[PDB]
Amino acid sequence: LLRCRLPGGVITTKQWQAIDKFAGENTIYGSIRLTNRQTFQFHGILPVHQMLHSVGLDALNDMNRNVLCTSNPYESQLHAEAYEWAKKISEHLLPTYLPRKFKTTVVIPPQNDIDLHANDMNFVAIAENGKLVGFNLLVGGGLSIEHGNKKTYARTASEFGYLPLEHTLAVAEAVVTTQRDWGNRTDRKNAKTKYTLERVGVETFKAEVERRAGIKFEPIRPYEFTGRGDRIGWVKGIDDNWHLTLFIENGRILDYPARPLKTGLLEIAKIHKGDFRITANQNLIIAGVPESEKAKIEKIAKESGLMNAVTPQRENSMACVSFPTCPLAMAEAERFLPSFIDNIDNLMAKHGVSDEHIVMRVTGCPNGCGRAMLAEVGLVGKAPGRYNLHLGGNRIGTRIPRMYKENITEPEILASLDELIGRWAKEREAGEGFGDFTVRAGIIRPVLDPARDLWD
């Protein structure tokens, strides 16, 4: 197992060709696994660094994880700046020992594709006249929990305030350091920033941060999110540039019977003029496509089975790696999801909601890599074929879903959803998402204060 440090998910066609070669040539699985933190994973490496190094990549003692960045912003121009700043925060933070691991992101409203609430440090971009002017800082998100341990909990990030662009690295560093010092010294389950903030208090942590930075935060600047999904298909970029976002189930890239997904990608990488971007949804964007080249690029993806139509539901569903490679797995995730979404699609069609979607995620074990804890409907692995069903999150990802049922099987899970999806389909209001309806209809109480009311 090895994972590369790829800030913002941006990788070159040249780098893509090198890892494709390594994937198939020197690993047991021969696949390329796009992760939900905008990077890739090789499984079963039987040198990796010399090849990484040769193409300019490094595989991060260091508790710093991959820094994310909105991959395909509605205002296409803001990306490059947001991206330059994701790459700087990532280099500035490179080695102070952190009690636990730290996750950071650069978010471009109104897209929360990078699921900011699962992260320790979040820089939410504020722009004027197509120009970034600063960042709204959000601190304290974290999803991991322990089955039956009411002292562990998932938490959403808290707003600290606004700060001008010039004070970005000083803040990122003070946050990191106040965590480094204030993180719990005994146990590692209470180390997380979400825990420290709850122990000292958000204002207390905030002041140390201001004190350490040498600044005083400004009031939070207006921002809202409209979704967390990728823009599957083509979108107009900047100038004559076009963007093709390819859906990749579980982000597992491999050639399949009649579906040369991996070869399709190498063939695309050979002709593509710009680079690629790995999304926070385990998909891939072919960036910087001149209008002239669209026919060429699309034909290849069409050929390889990379543009195969799937329902909106499957486009908005995600699962962690889990079995067979994860030694912490309790129940399948990646290998369970396709079949499960088939079963879900059927139920959505049964209720006249086929054109709709529910943010549905499957996490293998309670560590939470599948981000089911920010899902409208989450599945939390407990045992072989057994999961805890959570409900009540929203489309944008600012609400943690309370456990609705515990230790049940797929058939039991399916029956519970058949029932409620039906309810929602006949009783929801105008454009009312699933999680919201389950909170409005009394199906489940909402988690209003994580550290205190998540658990029943």
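Note that residue numbering follows the sequence shown and begins at 1.
In the deposited entry, the stretch joining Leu46 to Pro47 is interrupted by 4 to 9 residues of the deposited sequence lacking coordinates.
Going from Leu420 to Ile421, the model skips none of the deposited residues; the chain is continuous there. Mean CA temperature factor is higher for 96 to 104 when stretches 96 to 104 and 125 to 133 are set side by side in the entry. A summary of the deposited B-factors shows that, of 325 to 333 and 116 to 124, the stretch with the larger mean C-alpha value is 325 to 333.
Ranking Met373, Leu244, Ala295, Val171 by the C-alpha B-factor listed in the PDB entry places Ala295 at the top. Of all the options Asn281, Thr204, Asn308, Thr193, the entry's greatest CA B-factor is assigned to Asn308. Among the modelled residues of its chain, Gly274 has a C-alpha B-factor that falls in the highest third, as given in the PDB entry. When the CA B factors of the chain's modelled residues are split into thirds, the value for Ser144 lands in the lowest one. Among all modelled residues in this chain, the alpha-carbon of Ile11 has a temperature factor (C-alpha) in the lowest third.
For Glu406, the recorded CA temperature factor ranks within the lowest third of the chain's modelled residues.
Ranked by C-alpha B-factor against the other modelled residues of its chain, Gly392 falls in the lowest third.
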